[PDB]
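> Could you work out the structure for the sequence below:
(one chain, ligands or ions: 1)
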Amino acid sequence: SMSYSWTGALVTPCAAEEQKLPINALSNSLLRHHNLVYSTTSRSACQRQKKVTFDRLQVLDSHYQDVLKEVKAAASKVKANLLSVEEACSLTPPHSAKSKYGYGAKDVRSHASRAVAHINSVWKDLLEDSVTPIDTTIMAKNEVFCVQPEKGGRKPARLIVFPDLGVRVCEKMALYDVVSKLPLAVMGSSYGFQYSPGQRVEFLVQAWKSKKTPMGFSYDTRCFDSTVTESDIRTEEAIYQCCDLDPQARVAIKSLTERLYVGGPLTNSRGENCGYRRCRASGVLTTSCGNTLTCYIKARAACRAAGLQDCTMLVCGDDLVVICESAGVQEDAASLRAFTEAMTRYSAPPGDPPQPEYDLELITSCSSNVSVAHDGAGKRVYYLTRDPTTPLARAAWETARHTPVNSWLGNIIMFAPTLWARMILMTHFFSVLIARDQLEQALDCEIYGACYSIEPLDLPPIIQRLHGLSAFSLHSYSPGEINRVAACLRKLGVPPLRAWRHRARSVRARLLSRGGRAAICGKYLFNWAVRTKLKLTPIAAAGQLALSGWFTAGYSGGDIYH
Ligand SMILES: CNC(=O)c1c(-c2ccc(F)cc2)oc2cc(N(Cc3ccc(B(O)O)c(F)c3)S(C)(=O)=O)c(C3CC3)cc12
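Residues are numbered from 1 along each chain as shown. Find the structure here:
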């Protein structure tokens, strides 16, 4: 069937949509080529709609069915609980899209009468009605990028599809515990969201070293969400039901599957009927879990069909990497083509054909790659990095305009060991926070899809836990990485690293003078900026942190707040 059918009604905005990066002195201090920086808007929705709309032909085989059997068996070891209304309410972000039924996120979080009443009614309806499709809103995401005029110019807006706030709370009640436990149980070490960045590096390096002659590749499915079929989604439901569940949970999960997950009508912001969906909803609780599971099942089966030897897989939603034992250059190339053929049969062809890689650093996944630097003693330290263009562009926008979620803070946390995060992002934002008297204020940012409230002053212990102490002492970065950052700075009109160093010395001094947590920030985060270095010992606060739930699971599009 068609992933989508359209009525011709447009995807419409809620509020004003700024297309171009606004001119602001503080944002300009980071990046000056403002004309290159743009936000996606509803204006490009039509372009995206075209790409995501196609017929799915799915043909399953014995390998698929074998893997599915394994998965169901693994799932049967899981015990999952219902969340109470109150518990589910507290997982709702304060900035979450308000209900159409006279209440919003703040009302949900405060357990307000109107909100709780509607939520209760929605739950009752789920128990009583297992068939009637549930309404969804379609919106164009507003995301910031840098133009690549050589490479097709501006990206079209991604489409987000989500049900009412009331339904979203009920999803949590029925499935939060399931989507938090199941992927790990089924996938084990292949579940990508269980790892901190530091742990991820360790896993990848070990996997690579575990092969006599390693070969690895990334597999990029074209429009993964659209490739997800009705049968795929019903299979996901079947897997959920393998868990030991509460009777009411079983009913709600089935109802949510048949009425929401498998498909339903699309309504724009003006209340108009846009069409009908028969694939994955991008904005439901199960998006991450579902995508990861379905990608895993298909990929694991495809590995068998492709005759790949001693496969180690890593899966993050639709993002997939396989590391295996090389059979030879031509043999490997042929096996990869076979892998693609199998994935294609399963409904998931690639955007660009995958390529075998024999150097770990040459594999890119989730926009990131493994690179090498050196610690204070000259020991080689591996870390994850990425092209800084998008992070910097977004950082500039978020400086110029107040945003509910601060991507810059997340990038600093996740990419803390990188040359660019340390010298540019840290320097810039601490200078901005000082200037605006916002140093002590907690900010909202996303980590693996889940929204967290994080205080900037807690960055050093957070970074230590995620990356290790070495993150504050890395030097002698690779020529390739240095060159990539340099190229980015030239492109975007960002000041050179030596200028940032000078700025960092001033920022560091200011931070040290304030004492306490600020002083620890100055000491640890900006030790790179000074010749006369301070002794960076383990941070006491780091041990006192409880961060377990940071890397339990992925929640992208799942409307989760911790
Ligand atoms: C299967 N692919 C992988 O698991 C990952 C590889 C990888 C790279 C090269 C290779 F050879 C093998 C694997 O790099 C990664 C880096 C990230 N990060 C950044 C990040 C990227 C995207 C999102 B998001 O939009 O979902 C996000 F939330 C954070 S990080 C530094 O760890 O925090 C992640 C996070 C969990 C999603 C996964 C991988």
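> Run through the residues that contact residue 179.
285, 286, 288, 289, 553, 555, 558 (C-beta atoms under 8 Å, 6 or more residues apart in numbering). The way it works is simple: take the backbone N, C-alpha and C, and place the C-beta from them, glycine included.
> how would you label the fifth one: helix, strand or coil?
Classification of residue 553 by DSSP: H, G, I helix; E, B strand; the rest coil places it in coil.
> quick one: it and residue 288 touch, right?
Yes - taking contacts as C-beta atoms under 8 Å, residue 553 lies within contact range of residue 288: 7.2 Å.
> can you list residues touching both of these two?
In contact with both residue 553 and residue 288: 179, 193, using C-beta under 8 Å, 6+ apart.
> With distance to the ligand, neighbour count and secondary structure added, can I get the contacts of residue 179 in a markdown table?
Converted to a markdown table, these look like this (distance: C-beta to the nearest ligand atom, whole Å; neighbours: other C-beta atoms under 10 Å; DSSP: H, G, I helix; E, B strand; the rest coil):
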| residue | distance to the ligand | neighbour count | secondary structure |
| --- | --- | --- | --- |
| 285 | 15 | 30 | coil |
| 286 | 15 | 26 | coil |
| 288 | 8 | 25 | helix |
| 289 | 13 | 27 | helix |
| 553 | 10 | 24 | coil |
| 555 | 9 | 25 | coil |
| 558 | 11 | 25 | coil |
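> Residue 302 contacts residue 342, doesn't it?
Yes - using C-beta under 8 Å, residue 302 makes contact with residue 342 at a distance of 3.7 Å.
> Of those two, which one has the most company?
Applying other C-beta atoms under 10 Å to residue 302 and residue 342 shows that residue 302 carries more neighbours, namely 28 against 21.
> Just the element for the more buried one, please.
Per DSSP states H and E, residue 302 falls inside helix 287-305.
> Hey, what's the angle from the following helix or strand past that helix to helix 287-305? Just curious.
Following helix 287-305 in sequence order, the next helix or strand is strand 309-316 (DSSP H and E). Strand 309-316 runs at 170 degrees relative to helix 287-305, counting by axes from the mean of the first three to the mean of the last three C-alpha atoms, to 10 degrees.
> quick check, strand 309-316 touching the ligand?
Yes - if you take C-beta under 6 Å from any ligand atom as the test, strand 309-316 does meet the ligand, through 314, 315, 316.
> which SS state does the closest residue to residue 423 other than its chain neighbours fall under?
Leaving out its chain neighbours, the residue that sits closest to residue 423 by C-beta to C-beta, 6 or more residues apart in numbering is residue 500, at 4.8 Å. Judged by three-state DSSP, the three-state class of residue 500 is helix.
> Just give the number of residues close to residue 500.
Number of residues near residue 500 (other C-beta under 10 Å) recorded here: 24.
> Same question for residue 320.
27.
> and what of residue 309?
Neighbours of residue 309 (other C-beta under 10 Å): 15.
> Please report phi then psi for the nearest residue to it once chain neighbours are set aside.
Using C-beta to C-beta, 6+ apart and skipping the chain neighbours, the partner closest in space to residue 309 is residue 325 (4.2 Å). The phi and psi torsions at residue 325 (degrees, to the nearest 10) take the values phi -90, psi 120.
> start at 55 instead
Yes, from this point I'll number from 55; that puts the last item at residue 379.
> OK, contacts around residue 379?
By C-beta under 8 Å, 6+ apart, the neighbours of residue 379 are 265, 266, 267, 268, 269, 363, 364.
> Tell me the one among the residues you listed nearest to residue 237.
The shortest approach to residue 237 among the contacts of residue 379 belongs to residue 364, at 22.7 Å (C-beta to C-beta).
> which residues of the stretch 105-254 of the chain fall in strands?
190-194, 198-200, 213-216 (DSSP state E, counting those that start in this stretch).
> out of these, deepest packed?
Greatest average neighbour count among those goes to strand 190-194 (a mean of 24), per mean count of other C-beta atoms under 10 Å.
> Give me the distance between that one and the centre of its chain.
19 Å (C-alpha atoms, centre = their mean, to the nearest Å).
> Can you add distance to residue 315 and secondary structure and give the contacts of residue 379 back as CSV?
Output for these, formatted as CSV (distance: C-beta to C-beta, whole Å; DSSP: H, G, I helix; E, B strand; the rest coil):
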residue, distance to residue 315, secondary structure
265, 38, coil
266, 43, coil
267, 42, coil
268, 37, strand
269, 36, strand
363, 36, strand
364, 35, strand
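> Drop anything exposed from those.
Buried subset of those (neighbour count, 16 or more other C-beta atoms under 10 Å): 265, 268, 269.
> Between those residues, which sits nearest the ligand?
Ranked by distance to the ligand (C-beta to the nearest ligand atom), the buried ones among the contacts of residue 379 are led by residue 268 at 10.6 Å.
> Quick check, the closest one in contact with residue 412.
Yes - applying C-beta under 8 Å, one finds residue 268 in contact with residue 412, separated by 7.2 Å.
> Next, show the common contact partners of these two.
Between them, residue 268 and residue 412 share the contacting residues residue 380, judged by C-beta under 8 Å, 6+ apart.
> What degree of burial does residue 481 show, as a neighbour count?
Residue 481, neighbours per other C-beta under 10 Å, totals 27.
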